[PDB]
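Below you'll find only one chain, the form deposited in one PDB entry, shown as C-alpha cells.
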C-alpha cells in the first residue's frame, strides 16, 4: 500500500534510513522542527494574486462525484489537474459557493457539542447587560488570569489523558492502560462523540480548549474571572471603563516485558478486550512500543 511503500522507499536511501533507525520516537518531535526552505513574504499579496486564478483551491477526487463541472451560467467550478503530491483536484471558490447553496445537507448536531466554548461565549454575550462608561485615570494592576477555566477537577496532564482517551484510543501510553479506574468525564465524552465526522485533530484542540486550564499575565482594572477576561477589549481602555455583566474497560494491565514472539503477533489497544483474565499478549502502545502485557488477577 501507499504508506508502507513510502516507508520502504525512505529506508532505501542511506541518510533517511539512518534517521529512521537512529532517531527514537522520543526525539521525533525534535526533528519535526528541522524545516527547510523559507516562509512566504507578503502572503496577502500572494493570496490576492491566487484568487484571480481560475482554480486556486485544492480538493480531493471525490469532488468530481457530487459537484458538477459547470453551473447554470456555464462557469467551470473545477478542472482536471493534480498538485504533484496526490490526486488533489484544482477547484474554484465558485465550487465552495455552489456547495454552500446546493450541496448535500447534513445534521450538524456535533458542532454545538464540539465547539461548546464558542457557543458559551455567544450565550454570555447575548444575555449580558451594559452600564455606563466612566472616564478617569486608569490604574491597571497585573495578575495571572484564567483565559480558559478548564475543568475544575481535571489537571493539565489529566486533561491531556482524557483527550488522548477520547480522540486517539489506540495511542494511549502505559500510564493510561495500567491505570485502575476510568474517569466519568472520559465515558461522557466517549458517548457524546461516538459518531462524529469532524476531524479528530480539531476535536482534540476543542477538548483542550474546554478542559485544560490556560492562564496569562495580564493587567486588569476590574473583574478578573474567566468570563471577564474574554471581553477585556470591551470593558477597559486607556482612560475609560465600561460596566458590563456577562450573561453566564481497557485498564488494569501490567507490563510483563518487551515483545515476545512466542505469544503471537502484536495486538492493537482496542482489541485488548478479548483477552482472558490473566492471558498474556503482545500489544503496541504509545507511539510504537510493543510490550508483552497481561491482565491482573
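We call the rigid core the largest set of C-alpha positions that still match within 1.5 Å between the two forms. Numbering follows the first chain given and starts at 1.
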**Continuity check for residue 43 and residue 44, given as deposited residues lacking coordinates between them** = none
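Omitted from view is the form deposited in another entry, to which the following refers.
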**Message:** Listing 166, 227, 154, 95 as candidates, which single one shows a C-alpha movement of 2 Å or greater between the shown form and the other one when the core is held fixed?
**Reply:** 154
**Prompt:** Once you line up the core, how about residue 46: does its CA shift reach 2 Å between the shown form and the other one?
**Reply:** no
**Asked** After the core is matched up, is the C-alpha of residue 57 off by 2 Å or more between the shown form and the other one?
**Response** no
**Prompt:** Quick one: once the rigid core is lined up, does residue 84 have its C-alpha move by 2 Å or more between the shown form and the other one?
**Reply:** yes
**Message:** Closer or farther: how do the Cα atoms of residue 150 and residue 178 compare in the other entry versus the shown form, where the change is at least 3 Å?
**Reply:** farther
